[PDB]
Structure formats: C-alpha cells, structure tokens
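Below: the structure, in structure tokens.
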Amino acid sequence: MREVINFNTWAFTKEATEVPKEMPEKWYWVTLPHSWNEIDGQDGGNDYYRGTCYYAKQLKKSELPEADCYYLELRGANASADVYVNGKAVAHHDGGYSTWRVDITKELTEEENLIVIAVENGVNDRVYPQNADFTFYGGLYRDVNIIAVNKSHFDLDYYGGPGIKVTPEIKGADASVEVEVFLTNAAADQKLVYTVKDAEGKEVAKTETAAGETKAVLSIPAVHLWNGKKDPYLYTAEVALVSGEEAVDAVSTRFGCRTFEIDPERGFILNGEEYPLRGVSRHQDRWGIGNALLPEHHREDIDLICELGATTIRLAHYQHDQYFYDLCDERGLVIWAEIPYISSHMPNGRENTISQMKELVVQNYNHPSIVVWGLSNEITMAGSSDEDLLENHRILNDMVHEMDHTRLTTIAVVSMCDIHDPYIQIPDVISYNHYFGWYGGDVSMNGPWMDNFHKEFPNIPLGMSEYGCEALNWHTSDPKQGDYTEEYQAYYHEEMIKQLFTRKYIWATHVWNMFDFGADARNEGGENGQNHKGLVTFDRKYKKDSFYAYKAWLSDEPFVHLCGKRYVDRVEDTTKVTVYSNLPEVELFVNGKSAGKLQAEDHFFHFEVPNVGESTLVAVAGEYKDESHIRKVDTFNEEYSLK
Amino acid sequence: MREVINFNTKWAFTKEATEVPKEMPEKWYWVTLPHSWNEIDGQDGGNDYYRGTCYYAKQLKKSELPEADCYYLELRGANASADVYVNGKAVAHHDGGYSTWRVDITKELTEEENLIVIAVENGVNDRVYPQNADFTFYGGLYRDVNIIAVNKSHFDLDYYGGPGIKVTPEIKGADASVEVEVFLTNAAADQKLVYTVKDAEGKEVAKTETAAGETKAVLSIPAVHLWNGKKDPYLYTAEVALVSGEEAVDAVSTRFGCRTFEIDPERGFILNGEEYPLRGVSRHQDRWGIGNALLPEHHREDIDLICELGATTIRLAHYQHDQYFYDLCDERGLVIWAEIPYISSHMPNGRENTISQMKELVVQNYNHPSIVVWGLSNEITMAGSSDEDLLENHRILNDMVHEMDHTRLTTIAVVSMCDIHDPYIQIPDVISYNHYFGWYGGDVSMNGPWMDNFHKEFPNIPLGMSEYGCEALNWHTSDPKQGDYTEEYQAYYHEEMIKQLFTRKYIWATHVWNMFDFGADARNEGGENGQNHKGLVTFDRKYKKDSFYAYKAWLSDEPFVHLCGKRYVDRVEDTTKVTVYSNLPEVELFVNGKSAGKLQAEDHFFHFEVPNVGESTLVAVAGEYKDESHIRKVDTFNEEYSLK
Ligand SMILES: O=C(O)[C@H]1O[C@@H](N2CCN(c3nnnc4c3sc3nc(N5CCOCC5)c5c(c34)CCCC5)CC2)[C@H](O)[C@@H](O)[C@@H]1O
Ligand SMILES: O=C(O)[C@H]1O[C@@H](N2CCN(c3nnnc4c3sc3nc(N5CCOCC5)c5c(c34)CCCC5)CC2)[C@H](O)[C@@H](O)[C@@H]1O
Ligand SMILES: Cc1cc2nc3c(=O)[nH]c(=O)nc-3n(C[C@H](O)[C@H](O)[C@H](O)COP(=O)(O)O)c2cc1C
Ligand SMILES: Cc1cc2nc3c(=O)[nH]c(=O)nc-3n(C[C@H](O)[C@H](O)[C@H](O)COP(=O)(O)O)c2cc1C
C-alpha cells in the first residue's frame with residue numbers, strides 16, 4: 001500500500017533571509033525540477049548567484065491519502081538544504097547529488113502545513129564540490145516527493161536507500177541471489193515474502209520467512225545473464241511485508257546477473273569474454289535549463305550516446321539521477337560512478353566525502369550497469385598528496401570495499417601527477433586525465449605515455465578517464481591546436497581513436513565530453529560560460545564531426561557522413577574531403593563525377609578533390625549517401641575564423 | 001520550581017571523529033567545561049590553530065534528574081557552529097559562537113543513560129561571522145552547558161535564548177513607570193501572573209496581578225533610585241511568577257536600572273541629565289593559557305583591574321560577551337558598548353548571520369542597564385569602500401535594532417582610512433573611528449587635528465574614538481621610537497593620546513585598545529608570537545604596564561604614585577629622565593635619599609631629570625604615598641633591552 005505523490009508544482013526567492021511564517025504571496029512561482037542558475041550559470045564571468053534561497057509550498061492533509069507516516073523525499077537539493085514544516089526545523093542535508101528523506105508525520109498538525117526548503121550553494125571548507133570545472137547549479141533540480149507508508153515499512157531513513165539489497169552469485173549456469181531487506185518498526189509476527197520476477201514478469205523464484213529474517217537466497221536456474229548491450233537482461237526482485245496475509249508495505253528493484261573482471265593486460269572482461277569499454281563522459285545539465293532536466297532529457301542523452309555506440313559512460317563528477325542509471329541498466333552500458341571529491345583536498349571535507357560515498361553505494365547498489373566506484377578526480381591538482389589526502393582515500397577505499405564486494409574502486413588522476421605518487425596505489429584500478437594535443441603537447445604523445453605507464457606498473461589496470469579538445473563553429477583548412485575549429489577537434493579524435501582503440505590493455509577510455517556543458521567560469525573560444533569539448537552541442541541540437549568518427553568505430557548502425565558541411569567557402573583550388581563510415585567502401589562524387597572509391601583501416605576516408613566554382617559532393621557507401629557543398633573563393637571568409 | 005543543573009563535568013572530547021558515535025566513547029579525552037581545544041595552538045602564532053569539527057560526548061542519566069515536565073539543554077557559548085544529538089538523533093543546530101541557545105529534548109530522553117553528542121565547528125565559510133578578524137576563533141564549548149527543568153507551562157525558553165522577561169523603565173520626573181513584559185509557552189488561559197519589583201535590599205516596592213493572557217504590566221516606583229553610573233549603580237530586580245491556582249509553576253527574574261542618557265554631538269555623553277564623560281578601554285574574553293574558557297574569577301579579575309584603572313566605559317568587542325560579565329558592569333556602573341562580530345570584510349552571504357547574532361544580542365542583553373549602544377560592525381569597509389549590499393545589510397540591522405529597542409542607540413567602529421564621506425557613516429545614530437596614528441605609521445599628534453576636522457565637517461554626528469593603541473612588550477630604551485615595541489614609547493604614546501582625547505568633550509567615548517593583551521594566532525611580532533600586545537596589562541593579567549598608570553592618574557580617585565621605567569634599570573646617559581604618574585597635585589623625587597626637586601604636573605605626567613651615577617635608588621613622594629625604583633649607570637646599552 002506504499003504510495004508516492006509528486007510534489008513538484010512552489011514559491012521561490014533569493015532575497016529572503018528567514019523562513020517565512022506564512023505562505024508568501026509576492027515570491028516567484030516555479031515548478032520543479034528547478035534551479036536558480038539556469039541563465040546566470042551558463043553565460044560566464046563566474047558570476048552565477050551562490051547563496052541561500054527559499055522554496056515555499058502548502059501541504060493540505062485533506063488532499064492526501066492516509067498512511068501511518070508521511071515522508072518527504074528529496075531526490076536532489078544542491079548543495080546543502082534545510083527543511084522546515086510549519087516553522088520547525090526537521091531535517092538537514094549536505095550534498096546536492098543524492099536522495100534524502102525525512103518523516104514529517106508529527107509536524108502535520110494543521111489542516112494546511114507550510115513546507116519551506118532553504119537551499120544553499122556557497123563557499124565553505126566542508127561540502128564538495130568546491131573547485132571544479134562545472135557550474136554548481138543551485139536549487140531543487142530533481143523531484144520532491146511525499147511517501148505515504150504503513151507504520152511498519154521498509155527502511156526509508158538509511159542514507160536514502162531503496163530498503164532492498166540484491167546480490168546475485170553465479171554458480172555455473174545458475175544464479176544464487178541474496179535479497180536482503182531492511183525494516184522499520186516491524187512486528188516480530190510479520191512475514192516477508194520474497195519474489196524474483198522474469199523479464200516478462202513471470203515469477204521464477206519465491207520464498208517466505210518471518211520479519212526476523214531480513215535476508216534470503218533465491219535460486220535462478222539457467223539464468224539469463226546481464227550481458228550489456230549484447231543482452232542487458234534484467235530480473236525484478238520484490239519483497240512484501242505481510243501482516244496476517246495483508247501486505248502492508250512492499251519494495252522492489254530491477255537487477256542484473258553478471259560477473260566481470262578488469263585484467264591489467266586484456267582490459268575489461270564481461271561474463272567471461274573480453275568486452276572493450278570504449279565510451280564517453282556525460283554531465284547532467286542542458287543549455288537553458290541548468291540541471292533541472294526532465295526524463296526526456298535523460299532519454300535523449302542516452303539515445304544520442306547509444307546512437308554513437310558507446311559501451312561505457314563515465315558519469316562524472318557526482319551521483320546522477322536514478323532514472324538515468326535505470327536507462328543505463330536497460331541499454332547495457334558499463335558505468336563509472338563517482339563522488340565530487342575533486343581538484344583540491346579540503347581536510348574539513350573528509351566527513352562529506354564519506355557521507356556522499358555512502359549514499360552513492362547504498363542508493364545505487366542494485367544497478368547492474370555500474371562496475372567501479374570512483375573515489376576522486378584530479379585530487380592532487382593542488383599538489384602532491386598529503387597524509388590527510390592519503391588517509392581520506394584509504395578510509396573511502398576500505399569503506400567501499402566493505403560495503404560492496406562485487407565492484408572495484410578507481411581513481412581519475414590529473415595529467416601532471418607523478419605516476420609514483422603514493423595515492424595511485426590505493427584503489428584497485430586507475431585512469432588518467434590527459435589532454436595532450438589540447439592543453440599543450442601533441443596528440444601523438446598519448447599512446448606512448450600510456451604504454452610507458454603500463455611498462456612501469458604492469459599489474460595496475462590503466463584507463464583513460466578523460467581526453468578531449470575544444471570545438472565551436474569555427475572552420476579552417478589547416479587545422480591547428482588552439483583554433484577551436486570543428487576540423488582540428490575531428491583530427492584530434494581521429495588520432496586519439498587510433499591510439500587508444502587499438503590498445504587492449506587500457507581497460508576503459510572516456511571521451512570528455514559527450515556534450516558541451518555549463519562551466520560559468522569558462523571564457524574562451526567565442527562563447528562564454530561553457531566547456532566546448534563535447535561531441536554534441538550544449539542543446540543536443542548539433543552532432544559535431546567528431547561524433548561520427550566514434551560512430552564509425554563503435555556503432556552497428558550503417559551510415560555515411562560527410563565532414564565539413566559547415567565549411568563551405570574555401571580558398572584552395574584543391575580541397576581535402578573526409579567521410580566517416582562503418583562500411584567498407586565509400587565513393588565520392590563532386591558534381592556527379594566520381595573522385596575515386598576508397599577503403600580505410602580506420603574508417604576515416606580522406607579524399608582530395610578540385611575546388612572550382614560551386615560544387616556538390618556526394619558520398620555513397622552501398623545503399624547509403626550523404627551530401628556536402630563547397631565553393632571556391634578568392635580570399636578566406638573571416639566569418640569562419642575566431643579572431 | 002524551575003531548576004538549572006550544571007552540565008560541565010566530564011565530557012569526552014576528540015578532534016579525530018568523523019561521525020556521531022553510537023555508544024559512549026571509551027578512549028576520548030576527558031574535559032570539564034568551560035573548554036576550548038585552541039587554548040595552546042591558538043595563542044602561539046603561525047595562524048595554525050586547528051579549525052574544523054570536534055565532538056563532545058557525555059551521558060545524561062534520567063534518574064539523576066529532578067522530576068519536571070520538560071528538560072531543556074542550554075548552551076551559553078559554542079564557537080562557532082554546533083549541532084546537538086540525543087541518542088544519535090539530531091535535535092538542534094546553531095550558528096554564532098557568542099550567543100545563548102537552548103533546545104527542548106524531553107521526548108528524546110527515552111533511556112536511563114542518554115548519549116548527548118554536541119559537534120562544534122569553527123571552520124572557514126561565507127555564512128557565519130567572524131571570518132576575518134585580529135583575534136583567535138577559539139573552538140569548542142567555552143561557556144556553561146546547563147540543563148533546565150521546568151513545568152509544561154513555563155516562561156519562554158525558545159525565543160533566541162532570551163530570558164522570557166523584558167523590563168523597560170520610563171522616567172517621569174522623580175518617578176519611574178516600569179514596563180514589565182513576559183513571554184510564555186503552553187500557558188493555560190486560567191493561570192495568573194504576579195509581577196513584583198523589589199528593592200536594592202529586596203523590599204517589595206510594587207506588585208500587580210493579571211491573568212496569563214496579559215503578559216505586559218506597568219508598575220510604578222516613586223522617588224526611584226536611578227542607575228547613575230559609577231556614582232551610584234543602583235539596581236532594582238523585577239520578578240514575575242506564573243501561578244496555577246496559588247501554585248507557582250515557573251518564575252523568571254532580572255536585575256535592571258532606570259536611567260536616561262543622551263549622546264550630544266558637542267557635549268559628549270550625558271547620563272541622567274548630567275555630563276558623564278565616557279573614557280575607557282576595550283576588553284577581549286580570553287586569557288593566557290586557557291584560550292576563552294573563562295571561569296567567573298577571570299571575569300571578576302578582569303573588571304577589578306578596569307575599576308582600579310577608573311574607566312567609566314568598556315567596549316566589549318568584538319562580539320557578545322558572557323552574561324556574568326555584563327552583570328558585573330551593571331553592578332559597578334560601567335557604561336557598555338556591545339557589538340556583533342560583523343567585522344573586516346562584508347560577506348553578502350553572511351547577512352542572515354548578522355541578523356541572527358544581532359537579534360540574539362539585543363534579546364539576551366536588553367535588560368543590562370550598563371549597555372547604551374549596540375554596535376553594528378567594526379572596520380567593515382577595510383576591504384573596500386561601501387557598496388550597495390554592505391549598505392542594505394547595515395540599514396537592515398539599524399532598523400531592526402531601532403524596532404526592538406527604543407531606548408538605545410546604534411554605532412559603528414569605522415576603519416581609519418575610510419573616507420569620512422562614505423555613505424556608511426550616515427546610517428547609524430553615532431559613530432567612532434579606529435585610529436593608530438603613532439603606531440601604524442603617522443604621528444600621535446595627528447589624532448587631535450583629525451578628530452577636529454571630522455567634527456567640523458559633520459557637526460551633527462556624535463564622534464568617538466572606538467580604538468586607539470600601541471604595542472608594548474618587555475623592551476626598553478631611553479630614546480622611544482614608534483616601532484621599538486618598548487614599554488616607554490607606549491607610555492609616551494598614551495600620554496599624548498590622553499592629552500589630545502581627554503580634553504575634547506565632544507568625543508562621546510574613547511576606548512583604549514586594548515585593556516589586556518589577547519590571543520591573535522596570526523600575529524608574529526614583538527618577540528612573542530600569537531598575541532596582540534597593545535594591552536595596558538599583559539595577557540596573563542600579571543603585569544600592569546606603565547601606560548596602565550597613566551590612565552589611572554586621570555580616572556581614579558584612589559590616590560597613588562607610580563614610578564615608570566622600573567624594568568629599565570641599566571642606562572647609559574649621565575642625565576636620565578624619570579616619569580612619575582600620580583593623581584595627586586605634587587610629586588617630589590629623591591635620588592639616593594637627596595631630593596632632586598618638587599613638581600606639579602597639570603597633566604599628571606611628572607617628568608623629572610636626574611643624574612645617573614653608580615647605583616641610584618629613586619623614591620617618589622606625594623604626601624603620604626611613595627614609590628620606589630632603581631637605576632644604574634653603565635658604559636654600553638644592555639642588549640637584553642632591545643628587540644634587535
Ligand atoms: O578541462 C576539461 O575540459 C575537463 O577536464 C578536467 N580538468 C582537466 C584539467 N584541468 C585544466 N583546466 N583548465 N586548464 C588547464 C587544465 S590543465 C592545463 N595545462 C596547461 N598547460 C600549461 C603549459 O604547459 C602544458 C600544460 C594549460 C591549461 C590547463 C590552460 C591554460 C593554458 C595552459 C582542470 C579540468 C575537469 O575534471 C572537467 O570538469 C573539465 O571540464
Ligand atoms: O590592530 C589592532 O590591534 C586592532 O585594530 C583594529 N584594526 C585596525 C586595522 N587593521 C590592521 N591590522 N594590522 N596591521 C595594520 C592594520 S591597518 C595598517 N596600516 C599600515 N600602513 C598603511 C600605509 O601607511 C603606513 C601604515 C600598516 C599596518 C596596518 C601593519 C604593518 C605596517 C603598516 C586591522 C585591525 C581591529 O578593529 C582590532 O580587531 C585589532 O585588534
Ligand atoms: C547497498 C547497501 C544498502 C544498505 N541499506 C541499508 C538499509 O537500507 N538499512 C539499514 O539499516 N542498513 C543498510 N545497509 C547496511 C547497514 O546499514 C550497515 O552495513 C551497518 O549497519 C552500519 O551502519 P552505520 O553506517 O549506521 O554505522 C546497506 C548496505 C549496503 C551495502
Ligand atoms: C529584548 C526583547 C526580548 C524579547 N523576548 C521575547 C521572548 O522571549 N519571547 C517572545 O515570544 N517574544 C520576545 N520578544 C518580542 C517578540 O519576539 C517580537 O515582538 C515578535 O514576536 C517577533 O517575532 P519573530 O522574531 O519570530 O519574527 C522580545 C523583544 C525584545 C525587544
């Protein structure tokens with residue numbers, strides 16, 4: 001009989017200094033998801049308002065189903081929030097990326113109850129993040145829910161977890177699945193019925209023990225393994241708590257059956273066979289709405305990612321929305337989840353690392369798509385590691401290892417960090433953030449660097465958690481690092497793909513970033529407030545040419561893509577032309593006359609064609625075609641150049 | 001039947017915890033409050049004193065508690081931000097480590113052994129003042145933690161840590177109309193309220209009854225003995241009791257004094273109609289060795305030394321002080337300037353804290369007759385000229401103070417270099433400047449002309465000197481220079497500062513910075529790091545510097561004679577000057593028994609010259625009072641005397 005009520009439709013202000021004692025009448029109206037940094041946090045100057053803001057909404061006991069207790073669930077309040085019911089402080093949280101709850105049954109004394117939520121995203125030495133290349137969008141950017149449950153219920157107060165913990169064990173062709181639940185105010189005489197359901201919902205296992213036994217082991221014969229995108233099979237665990245034979249409360253969670261390994265020489269292994277993890281990272285924001293994404297935004301992001309053919313996503317730099325982790329479960333993406341422990345170690349932030357890390361594991365333990373827990377990102381950027389940095393990490397490593405025996409810990413290291421720094425040796429695996437070819441150096445340096453690490457530390461699995469290069473709507477025929485041209489970014493990824501994708505020992509690579517994202521302190525490239533290293537634009541409206549370089553290597557979608565479509569006016573008499581395709585042969589036609597048929601090891605078909613007058617280019621690979629136009633001109637169209 | 005229970009003994013303390021402990025710690029460090037974990041690392045320098053989160057833990061045995069309907073936890077001082085847990089449950093948070101706060105915890109006393117965990121924190125953030133000040137932010141429970149047992153119906157304990165009673169006297173001629181306001185909680189409409197106002201000897205002088213529904217009464221006292229400063233710090237006591245039947249289920253009380261005052265822009269401070277020059281000192285709430293974990297005797301000793309000095313006012317900077325110390329000022333007739341730690345840099349996001357601390361200051365100290373001005377900020381424009389956020393912040397405080405307290409004025413402590421035409425100076429009722437001409441560059445003589453120039457330009461704003469001072473360690477010279485840190489130059493500086501300030505009646509109040517040396521862990525100057533050495537007495541209160549006696553000469557009617565330079569013995573010159581302070585008219589000086597001359601000092605600064613030959617014994621005499629010292633001729637300056 002557990003019921004969930006949406007509570008998203010709220011008075012807001014940034015000027016209050018105190019909890020209002022009655023419903024405000026002159027405050028601005030918002031419906032959640034909401035953030036007050038939607039505009040000021042994506043235009044630059046690092047001027048997005050950071051402070052304390054108040055939300056106000058009235059909760060009428062009448063317009064409510066009746067249960068023994070009413071909880072207020074908050075899926076995301078960035079960064080720190082305080083909750084008042086009728087003026088009385090009832091709950092506080094620090095961490096803008098996790099779910100927390102609060103039982104408010106006793107505070108609903110009135111017919112109409114005033115719920116005020118203050119949210120804060122300022123500076124302080126306690127709550128992460130504080131130093132990162134991404135806007136700390138303030139507010140209630142995820143749902144706010146009201147949960148009505150029986151007096152006896154599965155746990156809602158333990159670190160915002162689901163109250164159920166499923167752990168499959170694979171014995172041969174069968175699965176033995178531990179389904180542990182956690183109860184609150186349970187009577188010794190109640191029973192718990194455990195059911196494991198089919199992908200089509202057909203009951204495959206069921207058992208029944210008393211409330212006293214919150215753990216059970218159900219067998220699944222001939223279990224269909226969660227084999228990622230090949231076959232991302234999902235079972236459904238479902239526990240009901242019964243009084244008499246009435247079921248007063250029940251919880252559930254989809255789950256997946258899989259084993260995996262991270263061999264330091266063979267790379268990632270899934271269910272016994274090698275499964276190369278090649279993919280991208282994604283931030284949880286979009287142009288114009290800050291980070292108040294709706295479900296369709298998640299759906300659209302994953303669709304664009306799966307269209308690219310990525311088999312892994314690095315979900316930096318923080319815990320993402322549950323719905324997006326679900327999508328990754330259904331689609332078969334291997335995910336790297338982490339906490340906002342980044343850039344500089346604040347000693348007084350140790351508690352917050354432990355707090356967020358626990359919510360990360362507790363709330364997401366049941367996502368088959370997740371295989372590693374990231375402890376920190378570029379944490380030694382400030383300098384070499386301290387004893388306090390090392391202790392803070394060991395504490396987290398041990399805590400994760402004890403809570404979850406089925407996954408591995410990882411680290412994302414700043415490029416410059418000495419490979420002999422003690423902190424690299426703490427977690428199971430590690431990945432480096434390298435920007436050779438954008439932040440100086442040459443893109444040819446990446447391959448060698450990785451190799452030379454692997455020679456030094458051949459038994460620590462090494463990944464590339466970050467690589468990328470900026471790209472706006474600038475174009476040139478001589479791509480060069482620093483021009484922000486779509487072409488150079490395309491050349492950069494061509495070389496990166498050829499270097500990384502051919503090295504099996506790199507257990508995972510992650511393009512930074514899949515999309516452009518909000519970083520209000522950025523002021524470069526002709527458009528401020530954004531990091532432009534994505535393969536797709538901040539509004540998900542334009543796939544850059546580099547997006548198709550990756551489709552050529554990783555997608556089973558037959559396609560043909562002409563690069564350069566936005567670079568029309570060119571001065572040279574002969575011009576270079578590049579086609580990306582996952583098909584063997586590609587023929588290019590300039591104004592109807594074929595310029596040749598080509599194949600390519602690396603799926604990058606490089607043509608050279610005469611540039612005379614106005615020409616129309618057409619790429620054909622079997623039954624697939626694409627269209628580009630160009631035009632000779634006497635001088636370079638400066639509208640293409642950043643200057 | 002309200003009962004207060006001390007709760008300071010045996011607390012488990014740690015700086016290494018990461019979470020609230022589930023059971024009573026067995027290996028933590030035992031402490032008894034008042035306590036601060038910065039008692040050493042916060043007074044030695046390096047700015048390294050530990051700032052973060054540390055945990056206190058102690059058991060509450062229900063049996064040992066008296067029988068009452070409700071049990072409140074009270075905290076007089078938790079620097080800077082704290083959280084309260086009762087059996088792992090959170091039940092209260094607070095921001096501001098100088099105010100009193102309480103929390104009703106009856107319903108979480110579910111066991112016979114209840115685990116109370118208070119987490120205290122003094123870190124870095126943009127919300128809670130202070131964050132940039134020249135004094136240590138001592139962490140921990142440095143003031144009393146009490147438990148209050150009261151009846152279900154009781155006087156308010158949840159309104160910003162107030163007393164639940166607000167006494168406001170009005171002086172109509174030779175009589176006083178005393179307004180008595182009390183505040184209740186869960187009061188039955190059929191209970192009564194008995195207001196009684198008693199004597200300085202406790203003899204009932206007025207009394208009225210009313211039902212719980214009338215929480216405001218005006219009682220008369222004719223021929224009222226006014227609180228007239230040091231001349232007569234007369235104190236009545238108000239006393240309201242809540243009765244159910246003729247049981248008295250709860251009762252509150254407060255001392256108060258009835259006085260009027262004015263801050264005239266030309267006549268200075270006026271008290272009860274008569275001019276009453278406010279010339280005094282500032283005082284910090286710390287002390288060498290124990291950080292800010294002060295016991296009553298330390299408050300007593302602190303004001304005793306001030307009373308010996310004869311100061312008529314104290315600037316209790318930079319924050320709300322302890323309740324005991326405000327009381328003492330009430331008893332001794334000192335006129336007090338109180339303020340909040342809104343200091344140095346304006347943080348936009350700290351606005352809510354300025355309002356909470358300022359609301360707490362006024363509610364928790366409205367009743368102290370010694371207080372006349374509420375300070376809004378100290379050197380708030382240091383890190384720049386006044387902008388709109390700073391100015392809205394100040395107007396908001398100014399109006400709130402004026403709305404809650406009609407009988408007092410608001411002031412500010414302006415940093416020295418702040419343009420006198422800053423819109424910031426125009427917000428409060430009065431203002432004072434913090435000037436260090438003669439220490440932070442400049443010359444001591446500049447103080448007079450500067451104050452004259454402001455007074456010319458702004459004749460209608462009462463101007464005071466909220467801070468002046470000069471460092472002084474145990475260094476000595478016969479050639480005082482700004483920057484040698486010598487006891488001599490600091491005495492010369494304060495002589496000149498006295499002749500300039502004490503003769504200008506329009507300055508409504510002067511505050512020597514500071515009465516005592518104090519803890520400022522970021523300082524590293526003078527030969528002893530971790531302290532500000534601008535006091536007239538040293539951090540441990542064991543040595544009154546010469547400058548101390550220069551003021552006693554001007555403010556004490558305790559007749560005395562002081563030889564300065566007692567610690568400067570070996571001197572090189574053949575003739576040496578000898579400074580004597582005395583509030584008597586004539587001083588004769590004797591060198592080895594032979595008299596070197598009588599002297600009458602109008603300014604009480606008796607400057608003699610004497611020969612320096614061999615071992616000389618100096619004796620100063622003013623009637624029946626004498627003082628002694630010793631000097632010695634030497635060939636070369638004693639290097640032990642110079643900072644070098
Ligand atoms: O940056 C991204 O795109 C993403 O990567 C991660 N981080 C990567 C490293 N990091 C940097 N951020 N900004 N600038 C530089 C670095 S390192 C570096 N090295 C540089 N060179 C110095 C000369 O010699 C060779 C190296 C130069 C610059 C930078 C910029 C100025 C010119 C030279 C912080 C962000 C963040 O997790 C992510 O949130 C962010 O979005
Ligand atoms: O300082 C005290 O003891 C007390 O005074 C008040 N505040 C006064 C000003 N302020 C300063 N603190 N420390 N140093 C300086 C200032 S201003 C200044 N100006 C200076 N030069 C400017 C250019 O020309 C010559 C003079 C110099 C110095 C300082 C120090 C080094 C030498 C030159 C903060 C404290 C505080 O309200 C009080 O909380 C504090 O305890
Ligand atoms: C993924 C996961 C979910 C968990 N969920 C709960 C829970 O909902 N309720 C609960 O009491 N314990 C839960 N636990 C475990 C215990 O809370 C925990 O191991 C132990 O009781 C320590 O509790 P503490 O963190 O409060 O010290 C969970 C553990 C894991 C690994
Ligand atoms: C010095 C002083 C002490 C006060 N103490 C209390 C008090 O203890 N309880 C109370 O209800 N009101 C007290 N008041 C007044 C009211 O709190 C105030 O007029 C009004 O209730 C403001 O409430 P708010 O601060 O919650 O907005 C006090 C006022 C002053 C000036």
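Scheme for the structure tokens: letters A, B, ... for chains in order shown; per-chain residue numbers from 1; ligand numbers from 1 in order shown.
Within the 8 Å cut-off around residue 528 (chain A), using only C-alpha atoms and omitting residues fewer than 3 positions from it on the same chain, the listed residues are residues 42, 43, 44, 45, 520, 522, 523, 524 and 525 of chain A.
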Inset, instruction - Step by step, measure atom-to-atom distances between ligand 2 and each residue using only C-alpha atoms and all ligand atoms, keep those at most 9 Å, then write them as a ChimeraX atom specification. - result: /B:133-135,317-318,343-344,378-379,382,413-417,434-437,439-442,466-471,513-514,518,520,523,532-534
Legend entry - Members of region 297-521 of chain A assigned strand (DSSP E or B) by DSSP, as an MDAnalysis selection string: chainID A and resid 312:315 334:338 342 370:377 408:413 430:433 462:467 474 485 508:511 515 517:518
Write out as a tab-separated table the residues of chain A that have any atom within 10 Å of an atom of ligand 4, one row each with the nearest atom pair and its distance in Å to one decimal, counting only C-alpha atoms and all ligand atoms, sorted by chain and then rising number.
residue	atom	partner	partner_atom_place_in_ligand_line	distance
A:18	CA	ligand 4	27 (O)	9.0
A:19	CA	ligand 4	26 (O)	9.6
A:20	CA	ligand 4	27 (O)	8.9
A:21	CA	ligand 4	27 (O)	8.1
A:87	CA	ligand 4	26 (O)	9.8
Inset, instruction - List all protein, DNA and RNA residues that have at least one atom no more than 8 Å from any atom of ligand 3, counting only C-alpha atoms and all ligand atoms, and write them as a ChimeraX atom specification. - result: /A:154-165,181-183,361-366,402-404
